[PDB]
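Some notes on the structure that comes next.
Here, each number is a calculation from the coordinates, and none is a lab measurement. A quick note on method: Cβ atoms are made from the backbone with ideal geometry, for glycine too, and the neighbour counts reach across all protein chains shown.
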Amino acid sequence: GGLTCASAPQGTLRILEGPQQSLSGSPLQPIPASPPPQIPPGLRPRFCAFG
Amino acid sequence: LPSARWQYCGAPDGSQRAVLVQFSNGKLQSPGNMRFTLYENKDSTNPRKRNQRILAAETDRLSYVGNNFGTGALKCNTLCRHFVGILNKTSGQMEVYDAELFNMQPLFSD
């Protein structure tokens, strides 16, 4: 009436919960790159010679 | 690839559990000579104690004891859950039951 060893298991199942990968879009930056410093339009000379 | 239809007949009240044993010092080549006795805590009113169980295995030379509580209770019994699947090869149906894992260890007292 006691507990005895039974037949060895024939296989093992290991369960884990996993989600999946999306598409590669690689959206690097809101406003991207190093935007260049640049000329103010027209500007004009702010200096003249004497005479 | 070979697959089986999964069914959790499981435990009617969840009170029912199977019993898995693991020996800390390896395998028993032919344990057919081992007698296992499962002990349960008499206190059924304390939810903490009502699930405490001791599994004892007796051989001619040594005794093994496993418990599901205290230091001997190990992390795998909770972080993970163990089940036993009984596969009917003919029907392809796998019946799945809750299992309790006991880590067995040798008995000596001063």
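For a quick check: with amide H placed at 1.01 Å from N, whose amide H comes under 5 Å from B:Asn103's, ignoring anything fewer than 5 positions away on the same chain?
Under 5 Å from the amide H of B:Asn103 lie the amide H atoms of B:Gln22, B:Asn67, each far enough along the sequence or on another chain.
Taking amide H positions as placed in the peptide plane 1.01 Å from N, state which residues far from B:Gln52 in sequence (5 or more) or on other chains have amide H under 5 Å from it.
Amide H neighbours of B:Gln52, under 5 Å, 5+ apart: B:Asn41.
Give me the one-decimal nm value for the distance between modelled label points at B:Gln29 and A:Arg46, 7 Å along each residue's Cα-to-Cβ direction.
About 9.9 nm, to one decimal.
Between B:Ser3 and B:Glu58, what is the FRET efficiency for a Förster distance of 35 Å, r being their Cβ-Cβ separation, to the nearest 0.05?
0.30
List the extent of the Cα atoms of segment B:1-57 along each of their three principal axes, largest first, rounded to whole Å.
Each principal axis gives a Cα extent; for segment B:1-57 these are 48, 32, 18 Å.
In nm, what is the difference between 0.36 nm times the number of residues separating B:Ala11 and B:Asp98 and their Cα-Cα distance?
Extending this stretch completely gives an extra 30.6 nm.
In vacuum, with every alpha carbon of the protein assembly as shown counted as one equal point scatterer, what does the Debye formula give for log10 I(q)/I(0) at q = 0.20 Å⁻¹? Two decimals, please.
So the normalised log intensities work out to -1.46.
In whole Hz and in residue order, list the ³J(HN,Hα) couplings for segment B:98-110 that follow from phi through the Karplus curve 6.51 cos²θ - 1.76 cosθ + 1.60, θ = phi - 60°; x for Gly and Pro.
5, 10, 10, 9, 10, 8, 8, 8, x, 10, 8, 10, 6
What does the convex hull of the Cα atoms of chain A come to per residue, in Å³, rounded to a whole number?
Looking at chain A, the number lands at 221 Å³ per residue.
In straight Cα distance, which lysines are under 26 Å from B:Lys75, not counting same-chain residues fewer than 8 positions off?
B:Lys27, B:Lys42, B:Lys49
Identify the trypsin sites (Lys or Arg not before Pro) of segment B:1-87 meeting these criteria: DSSP loop state and at most 13 other C-beta atoms within 10 Å of the C-beta. Numbers along the way, then the final one.
Working: sites: B:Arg5, B:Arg17, B:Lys27, B:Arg35, B:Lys42, B:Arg48, B:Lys49, B:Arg50, B:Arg53, B:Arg61, B:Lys75, B:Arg81; in loops: B:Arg17, B:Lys27, B:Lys42, B:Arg48, B:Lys49, B:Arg50, B:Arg61, B:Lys75, B:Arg81.
Passing sites in segment B:1-87 are B:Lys27, B:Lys42, B:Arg48, B:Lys49, B:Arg61, B:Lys75, B:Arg81.
Please work out the C-alpha center-to-center distance from segment B:68-110 to segment A:22-51 and express it in whole Å.
Segment B:68-110 and segment A:22-51 have Cα centres spaced 68 Å from each other.
Given points 7 Å out from each Cα along the Cα-Cβ axis, report the B:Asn51 to B:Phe108 separation in nanometres with one decimal.
3.4
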